[PDB]
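One file, my_file30.pdb, carrying PDB, C-alpha atoms:
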```pdb
ATOM      1  CA  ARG A   1      -5.268  42.976  11.328  1.00  0.00           C
ATOM      2  CA  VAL A   2      -4.183  44.636  14.585  1.00  0.00           C
ATOM      3  CA  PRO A   3      -7.489  45.169  16.473  1.00  0.00           C
ATOM      4  CA  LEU A   4      -8.657  41.567  16.048  1.00  0.00           C
ATOM      5  CA  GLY A   5      -5.440  40.541  17.788  1.00  0.00           C
ATOM      6  CA  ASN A   6      -6.344  42.501  20.915  1.00  0.00           C
ATOM      7  CA  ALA A   7      -8.946  39.797  21.438  1.00  0.00           C
ATOM      8  CA  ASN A   8      -7.789  36.233  20.864  1.00  0.00           C
ATOM      9  CA  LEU A   9      -9.503  35.839  17.485  1.00  0.00           C
ATOM     10  CA  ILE A  10      -6.457  35.683  15.200  1.00  0.00           C
ATOM     11  CA  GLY A  11      -3.254  33.662  15.233  1.00  0.00           C
ATOM     12  CA  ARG A  12      -0.283  35.425  16.777  1.00  0.00           C
ATOM     13  CA  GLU A  13       2.044  34.197  14.028  1.00  0.00           C
ATOM     14  CA  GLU A  14      -0.087  36.011  11.446  1.00  0.00           C
ATOM     15  CA  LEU A  15       0.143  39.329  13.302  1.00  0.00           C
ATOM     16  CA  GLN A  16       3.892  38.855  13.736  1.00  0.00           C
ATOM     17  CA  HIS A  17       4.198  38.278   9.987  1.00  0.00           C
ATOM     18  CA  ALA A  18       2.187  41.414   9.215  1.00  0.00           C
ATOM     19  CA  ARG A  19       4.530  43.454  11.411  1.00  0.00           C
ATOM     20  CA  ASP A  20       7.562  41.925   9.702  1.00  0.00           C
ATOM     21  CA  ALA A  21       6.120  42.726   6.273  1.00  0.00           C
ATOM     22  CA  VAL A  22       5.652  46.368   7.266  1.00  0.00           C
ATOM     23  CA  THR A  23       9.265  46.574   8.425  1.00  0.00           C
ATOM     24  CA  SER A  24      10.610  44.958   5.248  1.00  0.00           C
ATOM     25  CA  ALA A  25       8.617  47.333   3.050  1.00  0.00           C
ATOM     26  CA  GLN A  26      10.043  50.299   4.950  1.00  0.00           C
ATOM     27  CA  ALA A  27      13.584  48.997   4.441  1.00  0.00           C
ATOM     28  CA  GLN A  28      13.094  48.513   0.699  1.00  0.00           C
ATOM     29  CA  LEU A  29      11.694  52.032   0.366  1.00  0.00           C
ATOM     30  CA  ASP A  30      14.866  53.249   2.076  1.00  0.00           C
ATOM     31  CA  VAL A  31      16.909  51.338  -0.510  1.00  0.00           C
ATOM     32  CA  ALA A  32      15.079  53.078  -3.352  1.00  0.00           C
ATOM     33  CA  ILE A  33      15.514  56.487  -1.712  1.00  0.00           C
ATOM     34  CA  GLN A  34      19.251  55.951  -1.369  1.00  0.00           C
ATOM     35  CA  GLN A  35      19.570  54.904  -5.011  1.00  0.00           C
ATOM     36  CA  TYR A  36      17.792  58.083  -6.091  1.00  0.00           C
ATOM     37  CA  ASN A  37      20.076  60.170  -3.875  1.00  0.00           C
ATOM     38  CA  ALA A  38      23.114  58.436  -5.362  1.00  0.00           C
ATOM     39  CA  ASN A  39      22.117  59.400  -8.895  1.00  0.00           C
ATOM     40  CA  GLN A  40      21.255  62.965  -7.870  1.00  0.00           C
ATOM     41  CA  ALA A  41      24.771  63.707  -6.594  1.00  0.00           C
ATOM     42  CA  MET A  42      26.123  64.043 -10.152  1.00  0.00           C
ATOM     43  CA  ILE A  43      23.566  66.538 -11.520  1.00  0.00           C
ATOM     44  CA  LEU A  44      22.995  68.742  -8.432  1.00  0.00           C
ATOM     45  CA  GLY A  45      24.074  71.825 -10.461  1.00  0.00           C
ATOM     46  CA  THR A  46      20.521  72.431 -11.739  1.00  0.00           C
ATOM     47  CA  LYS A  47      21.679  73.944 -15.055  1.00  0.00           C
ATOM     48  CA  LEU A  48      22.303  71.996 -18.251  1.00  0.00           C
ATOM     49  CA  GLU A  49      24.900  74.437 -19.616  1.00  0.00           C
TER      50      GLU A  49
ATOM     51  CA  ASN B   1     -35.611 -14.794  17.854  1.00  0.00           C
ATOM     52  CA  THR B   2     -32.773 -16.627  19.590  1.00  0.00           C
ATOM     53  CA  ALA B   3     -30.535 -16.344  16.526  1.00  0.00           C
ATOM     54  CA  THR B   4     -31.206 -12.622  16.071  1.00  0.00           C
ATOM     55  CA  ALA B   5     -30.605 -11.867  19.747  1.00  0.00           C
ATOM     56  CA  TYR B   6     -27.353 -13.825  19.607  1.00  0.00           C
ATOM     57  CA  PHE B   7     -25.990 -11.891  16.629  1.00  0.00           C
ATOM     58  CA  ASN B   8     -26.944  -8.465  17.990  1.00  0.00           C
ATOM     59  CA  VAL B   9     -24.452  -8.895  20.847  1.00  0.00           C
ATOM     60  CA  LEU B  10     -21.527  -9.437  18.476  1.00  0.00           C
ATOM     61  CA  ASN B  11     -22.654  -6.400  16.493  1.00  0.00           C
ATOM     62  CA  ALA B  12     -22.573  -4.363  19.708  1.00  0.00           C
ATOM     63  CA  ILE B  13     -19.082  -5.630  20.564  1.00  0.00           C
ATOM     64  CA  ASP B  14     -17.715  -4.550  17.186  1.00  0.00           C
ATOM     65  CA  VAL B  15     -19.361  -1.133  17.425  1.00  0.00           C
ATOM     66  CA  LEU B  16     -17.933  -0.585  20.912  1.00  0.00           C
ATOM     67  CA  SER B  17     -14.371  -1.439  19.891  1.00  0.00           C
ATOM     68  CA  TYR B  18     -14.421   0.860  16.877  1.00  0.00           C
ATOM     69  CA  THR B  19     -15.987   3.709  18.853  1.00  0.00           C
ATOM     70  CA  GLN B  20     -13.192   3.433  21.417  1.00  0.00           C
ATOM     71  CA  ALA B  21     -10.625   3.672  18.621  1.00  0.00           C
ATOM     72  CA  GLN B  22     -12.344   6.799  17.304  1.00  0.00           C
ATOM     73  CA  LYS B  23     -12.267   8.288  20.804  1.00  0.00           C
ATOM     74  CA  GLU B  24      -8.513   7.737  21.047  1.00  0.00           C
ATOM     75  CA  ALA B  25      -7.913   9.359  17.661  1.00  0.00           C
ATOM     76  CA  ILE B  26     -10.034  12.415  18.440  1.00  0.00           C
ATOM     77  CA  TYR B  27      -8.365  12.879  21.823  1.00  0.00           C
ATOM     78  CA  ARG B  28      -4.955  12.932  20.155  1.00  0.00           C
ATOM     79  CA  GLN B  29      -6.292  15.494  17.679  1.00  0.00           C
ATOM     80  CA  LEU B  30      -7.466  17.730  20.525  1.00  0.00           C
ATOM     81  CA  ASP B  31      -4.101  17.422  22.262  1.00  0.00           C
ATOM     82  CA  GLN B  32      -2.291  18.510  19.106  1.00  0.00           C
ATOM     83  CA  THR B  33      -4.625  21.447  18.490  1.00  0.00           C
ATOM     84  CA  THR B  34      -4.405  22.738  22.062  1.00  0.00           C
ATOM     85  CA  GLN B  35      -0.612  22.506  22.057  1.00  0.00           C
ATOM     86  CA  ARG B  36      -0.528  24.364  18.744  1.00  0.00           C
ATOM     87  CA  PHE B  37      -2.767  27.136  20.076  1.00  0.00           C
ATOM     88  CA  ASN B  38      -0.592  27.496  23.163  1.00  0.00           C
ATOM     89  CA  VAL B  39       2.514  27.789  20.974  1.00  0.00           C
ATOM     90  CA  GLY B  40       0.787  30.495  18.909  1.00  0.00           C
ATOM     91  CA  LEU B  41      -0.116  29.051  15.502  1.00  0.00           C
ATOM     92  CA  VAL B  42      -3.932  28.712  15.656  1.00  0.00           C
ATOM     93  CA  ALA B  43      -6.829  30.742  17.016  1.00  0.00           C
ATOM     94  CA  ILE B  44      -9.103  29.924  19.940  1.00  0.00           C
ATOM     95  CA  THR B  45     -11.896  29.119  17.484  1.00  0.00           C
ATOM     96  CA  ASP B  46     -10.126  25.948  16.358  1.00  0.00           C
ATOM     97  CA  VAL B  47      -9.773  24.705  19.942  1.00  0.00           C
ATOM     98  CA  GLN B  48     -13.541  24.869  20.442  1.00  0.00           C
ATOM     99  CA  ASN B  49     -14.100  22.650  17.407  1.00  0.00           C
ATOM    100  CA  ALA B  50     -11.769  19.989  18.805  1.00  0.00           C
ATOM    101  CA  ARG B  51     -13.443  20.117  22.219  1.00  0.00           C
ATOM    102  CA  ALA B  52     -16.873  19.746  20.616  1.00  0.00           C
ATOM    103  CA  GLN B  53     -15.732  16.754  18.572  1.00  0.00           C
ATOM    104  CA  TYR B  54     -14.261  15.143  21.689  1.00  0.00           C
TER     105      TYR B  54
END
```
Target format structure tokens, applied to this file:
Amino acid sequence: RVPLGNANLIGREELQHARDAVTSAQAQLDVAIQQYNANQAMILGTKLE
Amino acid sequence: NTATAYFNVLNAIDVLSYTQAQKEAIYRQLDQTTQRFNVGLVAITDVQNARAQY
């Protein structure tokens, strides 16, 4: 969507919303990463026995 | 011929009034669309359509 915006051939609200969606997706990925890290802190030994 | 010529004038009057009403409506439409484009909700392409209709 970005290049079309350089010219005035796409609504500015739509580009704003695309940017916001990117940011939200990044934040949710961070949430998932932190959950995985939280679980990993209990089994960091790397040996079952 | 006299009767037909007489009635054509009233027909023209009616047509003129209704065309003026249409002009008012379309002008208000163009005003709304241009304001919306300025505020940043529509593209320039939609402004051209309103101008053409006007």
ask   = Where does the ChimeraX specification (/A :<7) & /B land in this file, that is, which residues does it pick, as a list in words?
value = residues 40, 41, 42, 43 and 44 of chain B
Prev. selection, C-alpha atoms, output as a PDB file, keeping the file's coordinate frame:
```pdb
ATOM      1  CA  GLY B  40       0.787  30.495  18.909  1.00  0.00           C
ATOM      2  CA  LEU B  41      -0.116  29.051  15.502  1.00  0.00           C
ATOM      3  CA  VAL B  42      -3.932  28.712  15.656  1.00  0.00           C
ATOM      4  CA  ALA B  43      -6.829  30.742  17.016  1.00  0.00           C
ATOM      5  CA  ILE B  44      -9.103  29.924  19.940  1.00  0.00           C
TER       6      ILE B  44
END
```
key: Explicit residue set for the PyMOL selection byres ((chain B and resi 34) around 12), as a ChimeraX atom specification   = /B:27-33,35-51
How would the residues just picked look written out with C-alpha atoms as a PDB file, in the coordinates of the input?
```pdb
ATOM      1  CA  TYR B  27      -8.365  12.879  21.823  1.00  0.00           C
ATOM      2  CA  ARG B  28      -4.955  12.932  20.155  1.00  0.00           C
ATOM      3  CA  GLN B  29      -6.292  15.494  17.679  1.00  0.00           C
ATOM      4  CA  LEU B  30      -7.466  17.730  20.525  1.00  0.00           C
ATOM      5  CA  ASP B  31      -4.101  17.422  22.262  1.00  0.00           C
ATOM      6  CA  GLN B  32      -2.291  18.510  19.106  1.00  0.00           C
ATOM      7  CA  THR B  33      -4.625  21.447  18.490  1.00  0.00           C
ATOM      8  CA  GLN B  35      -0.612  22.506  22.057  1.00  0.00           C
ATOM      9  CA  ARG B  36      -0.528  24.364  18.744  1.00  0.00           C
ATOM     10  CA  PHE B  37      -2.767  27.136  20.076  1.00  0.00           C
ATOM     11  CA  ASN B  38      -0.592  27.496  23.163  1.00  0.00           C
ATOM     12  CA  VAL B  39       2.514  27.789  20.974  1.00  0.00           C
ATOM     13  CA  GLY B  40       0.787  30.495  18.909  1.00  0.00           C
ATOM     14  CA  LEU B  41      -0.116  29.051  15.502  1.00  0.00           C
ATOM     15  CA  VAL B  42      -3.932  28.712  15.656  1.00  0.00           C
ATOM     16  CA  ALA B  43      -6.829  30.742  17.016  1.00  0.00           C
ATOM     17  CA  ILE B  44      -9.103  29.924  19.940  1.00  0.00           C
ATOM     18  CA  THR B  45     -11.896  29.119  17.484  1.00  0.00           C
ATOM     19  CA  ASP B  46     -10.126  25.948  16.358  1.00  0.00           C
ATOM     20  CA  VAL B  47      -9.773  24.705  19.942  1.00  0.00           C
ATOM     21  CA  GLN B  48     -13.541  24.869  20.442  1.00  0.00           C
ATOM     22  CA  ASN B  49     -14.100  22.650  17.407  1.00  0.00           C
ATOM     23  CA  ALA B  50     -11.769  19.989  18.805  1.00  0.00           C
ATOM     24  CA  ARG B  51     -13.443  20.117  22.219  1.00  0.00           C
TER      25      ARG B  51
END
```
task = Could you tell me how far atom CA of residue B:15 lies from atom CA of residue B:3, in Å and to one decimal?
result = 18.9 Å
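Between atom CA of residue A:24 and atom CA of residue A:39 the separation is 23.3 Å.
Note that atom CA of residue A:3 and atom CA of residue A:15 are 10.1 Å apart.
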Assuming the input is short of atoms at stretch 18-47 of chain A, produce N, CA and C atoms for that part as an mmCIF file, in the frame of the given file.
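Final file, rebuild-v5.cif:
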```cif
data_model
loop_
_atom_site.group_PDB
_atom_site.id
_atom_site.type_symbol
_atom_site.label_atom_id
_atom_site.label_comp_id
_atom_site.auth_asym_id
_atom_site.auth_seq_id
_atom_site.Cartn_x
_atom_site.Cartn_y
_atom_site.Cartn_z
ATOM 1 N N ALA A 18 2.602 40.111 9.725
ATOM 2 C CA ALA A 18 2.187 41.414 9.215
ATOM 3 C C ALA A 18 3.166 42.501 9.647
ATOM 4 N N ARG A 19 3.559 42.480 10.921
ATOM 5 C CA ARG A 19 4.530 43.454 11.411
ATOM 6 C C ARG A 19 5.839 43.353 10.632
ATOM 7 N N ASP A 20 6.313 42.124 10.428
ATOM 8 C CA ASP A 20 7.562 41.925 9.702
ATOM 9 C C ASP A 20 7.455 42.445 8.274
ATOM 10 N N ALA A 21 6.307 42.231 7.631
ATOM 11 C CA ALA A 21 6.120 42.726 6.273
ATOM 12 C C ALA A 21 6.197 44.244 6.234
ATOM 13 N N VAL A 22 5.570 44.909 7.204
ATOM 14 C CA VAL A 22 5.652 46.368 7.266
ATOM 15 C C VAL A 22 7.110 46.807 7.353
ATOM 16 N N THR A 23 7.873 46.170 8.242
ATOM 17 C CA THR A 23 9.265 46.574 8.425
ATOM 18 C C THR A 23 10.074 46.369 7.146
ATOM 19 N N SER A 24 9.875 45.231 6.479
ATOM 20 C CA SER A 24 10.610 44.958 5.248
ATOM 21 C C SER A 24 10.278 45.979 4.169
ATOM 22 N N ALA A 25 8.999 46.337 4.043
ATOM 23 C CA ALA A 25 8.617 47.333 3.050
ATOM 24 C C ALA A 25 9.293 48.667 3.332
ATOM 25 N N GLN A 26 9.348 49.063 4.605
ATOM 26 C CA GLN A 26 10.043 50.299 4.950
ATOM 27 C C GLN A 26 11.508 50.239 4.525
ATOM 28 N N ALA A 27 12.173 49.115 4.801
ATOM 29 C CA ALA A 27 13.584 48.997 4.441
ATOM 30 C C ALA A 27 13.788 49.109 2.933
ATOM 31 N N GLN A 28 12.932 48.454 2.151
ATOM 32 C CA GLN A 28 13.094 48.513 0.699
ATOM 33 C C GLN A 28 12.844 49.922 0.167
ATOM 34 N N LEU A 29 11.878 50.636 0.750
ATOM 35 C CA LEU A 29 11.694 52.032 0.366
ATOM 36 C C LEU A 29 12.953 52.840 0.652
ATOM 37 N N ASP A 30 13.604 52.571 1.786
ATOM 38 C CA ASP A 30 14.866 53.249 2.076
ATOM 39 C C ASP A 30 15.906 52.948 1.003
ATOM 40 N N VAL A 31 15.967 51.695 0.550
ATOM 41 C CA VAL A 31 16.909 51.338 -0.510
ATOM 42 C C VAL A 31 16.663 52.193 -1.748
ATOM 43 N N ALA A 32 15.400 52.290 -2.164
ATOM 44 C CA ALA A 32 15.079 53.078 -3.352
ATOM 45 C C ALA A 32 15.461 54.542 -3.162
ATOM 46 N N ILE A 33 15.170 55.095 -1.984
ATOM 47 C CA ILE A 33 15.514 56.487 -1.712
ATOM 48 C C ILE A 33 17.013 56.699 -1.852
ATOM 49 N N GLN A 34 17.806 55.779 -1.307
ATOM 50 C CA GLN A 34 19.251 55.951 -1.369
ATOM 51 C C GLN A 34 19.758 55.847 -2.800
ATOM 52 N N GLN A 35 19.168 54.966 -3.608
ATOM 53 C CA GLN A 35 19.570 54.904 -5.011
ATOM 54 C C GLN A 35 19.305 56.233 -5.708
ATOM 55 N N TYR A 36 18.118 56.798 -5.481
ATOM 56 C CA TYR A 36 17.792 58.083 -6.091
ATOM 57 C C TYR A 36 18.768 59.163 -5.647
ATOM 58 N N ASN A 37 19.096 59.200 -4.355
ATOM 59 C CA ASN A 37 20.076 60.170 -3.875
ATOM 60 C C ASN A 37 21.421 59.967 -4.555
ATOM 61 N N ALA A 38 21.830 58.711 -4.734
ATOM 62 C CA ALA A 38 23.114 58.436 -5.362
ATOM 63 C C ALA A 38 23.167 59.002 -6.771
ATOM 64 N N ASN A 39 22.100 58.828 -7.550
ATOM 65 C CA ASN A 39 22.117 59.400 -8.895
ATOM 66 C C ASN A 39 22.130 60.923 -8.855
ATOM 67 N N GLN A 40 21.408 61.517 -7.906
ATOM 68 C CA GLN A 40 21.255 62.965 -7.870
ATOM 69 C C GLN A 40 22.562 63.695 -7.590
ATOM 70 N N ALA A 41 23.550 63.024 -6.999
ATOM 71 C CA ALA A 41 24.771 63.707 -6.594
ATOM 72 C C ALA A 41 25.621 64.157 -7.771
ATOM 73 N N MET A 42 25.342 63.675 -8.981
ATOM 74 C CA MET A 42 26.123 64.043 -10.152
ATOM 75 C C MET A 42 25.528 65.206 -10.933
ATOM 76 N N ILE A 43 24.253 65.526 -10.725
ATOM 77 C CA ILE A 43 23.566 66.538 -11.520
ATOM 78 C C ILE A 43 22.925 67.576 -10.610
ATOM 79 N N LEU A 44 23.530 67.791 -9.441
ATOM 80 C CA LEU A 44 22.995 68.742 -8.432
ATOM 81 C C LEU A 44 23.165 70.191 -8.905
ATOM 82 N N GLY A 45 23.842 70.455 -10.033
ATOM 83 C CA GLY A 45 24.074 71.825 -10.461
ATOM 84 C C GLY A 45 22.803 72.571 -10.816
ATOM 85 N N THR A 46 21.824 71.873 -11.388
ATOM 86 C CA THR A 46 20.521 72.431 -11.739
ATOM 87 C C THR A 46 20.572 73.340 -12.962
ATOM 88 N N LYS A 47 21.607 73.221 -13.792
ATOM 89 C CA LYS A 47 21.679 73.944 -15.055
ATOM 90 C C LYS A 47 22.379 73.068 -16.080
#
```
